[PDB]
A.B. asks: 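A single structure is presented below for examination.
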Amino acid sequence: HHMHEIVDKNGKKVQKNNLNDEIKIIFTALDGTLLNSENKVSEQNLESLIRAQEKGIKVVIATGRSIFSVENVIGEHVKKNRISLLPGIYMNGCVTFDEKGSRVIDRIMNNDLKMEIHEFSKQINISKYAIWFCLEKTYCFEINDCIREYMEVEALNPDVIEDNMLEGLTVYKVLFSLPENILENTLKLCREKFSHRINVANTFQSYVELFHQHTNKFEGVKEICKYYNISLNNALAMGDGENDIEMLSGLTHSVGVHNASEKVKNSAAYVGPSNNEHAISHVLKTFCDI
Ligand SMILES: O=P(O)(O)OC[C@H]1O[C@H](O)[C@@H](O)[C@@H](O)[C@@H]1O
Ligand SMILES: [Mg+2]
């Protein structure tokens, strides 16, 4: 079967003996890539991560999430030191930590732009779907089934605040948890209004994230590789969503998971197993020989 294979653009399996780069470090998206559809690390993936640690391969989370929600989803693994959150790439790069928890990237949204996005969101009536991200906390203006759905998957609940409190907050990103029915049009409206102003990414399902326009996960990847004196050619990125495209196309070695959109797969060097098929386990086997 094709379930566990990794192949190049021509559909040929990638072979270890044809690789000329040692892979020292793996950057992975969490939801949709490392985590299966139940938001869990599969046992096969876990087993391979244990081997990766034994061999000194670094595995770095690269996510739109804050480090706080990541710890809420995978905390049992973090507590056992099976997955390290420091260094890590959070909020799509806008908060990137080194191993001491220092921010090697801190990209705060300009406050005028924040308020312009806020007012625009109230004008097109998606403000009720907004989750605003400060460094340590998240905020929303109400709770509805879309906010509920975000809370369930995110596993970290925003505080409910009044509209007028946003002005005083210092924010990195906003995430809109949208109804499916308005996603496509809302995405168009945000991209037309905010081009050359902010990044606009449809990250998972109906979620739309806006974050500093010059930052993305690959910027985080470069800083963490720099930290460890690792050439980009010794790094591999794996991902599923729009917010992974820069890191997949920026690294010579990159793997889109089978469940990714064609657009995301196009940006990646190789296509691997789906997130439900233990993708990092097979990446580790192919690139690192386990
Ligand atoms: O960046 P990652 O780790 O792939 O996860 C991204 C996803 O995280 C969670 O599932 C949600 O917040 C989604 O809105 C988001 O798209
Ligand atoms: Mg993802």
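Just so you know, ligand 1 is whichever comes first in the structure, and atom 1 is the first atom listed for that ligand. For the single chain, residues carry numbers from 1 onward in sequence order.
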A.B. asks: In the single-linkage hydrophobic clustering (I, L, V, M, F, W, Y; side-chain heavy atoms under 4.5 Å), do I126 and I198 co-cluster?
C.D. replies: yes
A.B. asks: Starting from atom 12 (O) of ligand 1, find the nearest protein heavy-atom neighbour and note its residue, name and distance.
C.D. replies: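 Heavy-atom neighbour on the protein nearest atom 12 (O) of ligand 1: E154 OE1, 2.8 Å.
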A.B. asks: Would you say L175 and ligand 1 have an N/O pair spaced under 3.5 Å apart?
C.D. replies: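 No - when backbone and side-chain N and O of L175 are compared with those of ligand 1, no distance drops under 3.5 Å.
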A.B. asks: Can you measure from CD1 (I161) to NZ (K137) and round to the nearest 0.5 angstrom?
C.D. replies: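 If I round to the nearest 0.5 Å, the distance is 9.5 Å.
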A.B. asks: Please confirm whether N92 comes within less than 3.5 Å of ligand 1 when only nitrogen or oxygen atoms on both sides are compared.
C.D. replies: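 No, no N or O pair falls under 3.5 Å.
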A.B. asks: Inspect the contact between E116 and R197 and indicate whether a charged nitrogen and a carboxylate oxygen are less than 4.0 angstrom apart.
C.D. replies: yes
A.B. asks: Salt bridge check: are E54 and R51 linked by an N-O gap of less than 4.0 Å?
C.D. replies: no
A.B. asks: What part of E209 sits under 4.0 Å from ligand 1 if we count only heavy atoms: the side chain, the backbone, both or neither?
C.D. replies: side chain
A.B. asks: Can an N or O of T63 be found at a distance shorter than 3.5 Å from an N or O of ligand 1?
C.D. replies: yes
A.B. asks: Would you check the N or O atoms of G64, main chain and side chain alike, for any that come under 3.5 Å of an N or O of ligand 1?
C.D. replies: yes
A.B. asks: Is it the case that ligand 1 has an N or O less than 3.5 angstrom from some N or O of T203?
C.D. replies: yes
A.B. asks: Any nitrogen or oxygen of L30, side chain or backbone, less than 3.5 Å from one on ligand 1?
C.D. replies: yes
A.B. asks: Counting non-hydrogen protein atoms only, what is the nearest one to atom 5 (O) of ligand 1? Give residue, atom name and distance.
C.D. replies: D31 OD1, 3.3 Å
A.B. asks: Is it true that, when you exclude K285 itself, more than 12 heavy atoms of the residues, nucleotides or ligands shown sit nearer than 6.0 Å to its NZ?
C.D. replies: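 Yes - once you tally the heavy atoms of other residues, nucleotides and ligands closer than 6.0 Å, there are more than 12.
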A.B. asks: Heavy-atom contacts with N243 under 4.0 Å: which atoms of ligand 1 show up? List them by number with element.
C.D. replies: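 Those qualifying, in numeric order: 1 (O).
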A.B. asks: Specify the protein heavy atom at minimum distance from atom 13 (C) of ligand 1: its residue, its atom name, and the distance to 0.1 Å.
C.D. replies: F204 CB, 3.6 Å
A.B. asks: Which word best sums up how the rings of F133 and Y150 line up, parallel for under 30°, tilted for 30 to 60°, or perpendicular for over 60°?
C.D. replies: perpendicular
A.B. asks: Heavy-atom count check: over 12 atoms from other residues, nucleotides or ligands less than 6.0 Å from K122 NZ?
C.D. replies: yes
A.B. asks: Anything under 30° is parallel, anything over 60° is perpendicular, the rest tilted; go ahead and classify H282 against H4.
C.D. replies: parallel
A.B. asks: Decide if atom NE2 of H253 counts as having more than 12 heavy atoms of other residues, nucleotides or ligands within a radius under 6.0 Å.
C.D. replies: yes
A.B. asks: Everything protein-side that's N, O or S and under 2.8 Å from the Mg ion (ligand 2): list it, residue and atom.
C.D. replies: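 Short answer, with waters excluded from the count: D31 O, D240 OD1.
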A.B. asks: Purely on distance, is any nitrogen or oxygen of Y207 under 3.5 Å from one on ligand 1?
C.D. replies: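 N/O-N/O distance under 3.5 Å: no.
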A.B. asks: Test your reading of the model: is there a side-chain donor-acceptor pair from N234 to the backbone of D21, 3.5 Å cut-off?
C.D. replies: no
A.B. asks: Test of understanding: given a 4.0 Å heavy-atom threshold, classify the contact between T33 and ligand 1 as side chain, backbone, both, or neither.
C.D. replies: neither
A.B. asks: Of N275, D31, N276, which is the lone residue that meets side-chain hydrogen bond (donor to acceptor under 3.5 Å, both in side chains) with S37?
C.D. replies: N276
A.B. asks: Counting only heavy atoms closer than 4.0 Å, does ligand 1 sit against the backbone of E149, its side chain, both, or neither?
C.D. replies: neither
A.B. asks: Taking the cut-offs as 6.0 angstrom to the six-membered ring centre and 45 degrees off its axis, would you call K58 and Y228 a cation-pi pair?
C.D. replies: yes
A.B. asks: Say whether, by atom type as modelled, one donor and one acceptor occur between the side chain of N144 and the main chain of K128 under 3.5 angstrom.
C.D. replies: yes
A.B. asks: Give the atoms of ligand 1, by number and element, whose distance to some non-hydrogen atom of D240 is under 4.0 Å.
C.D. replies: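 So the atoms of ligand 1 that pass are 4 (O).
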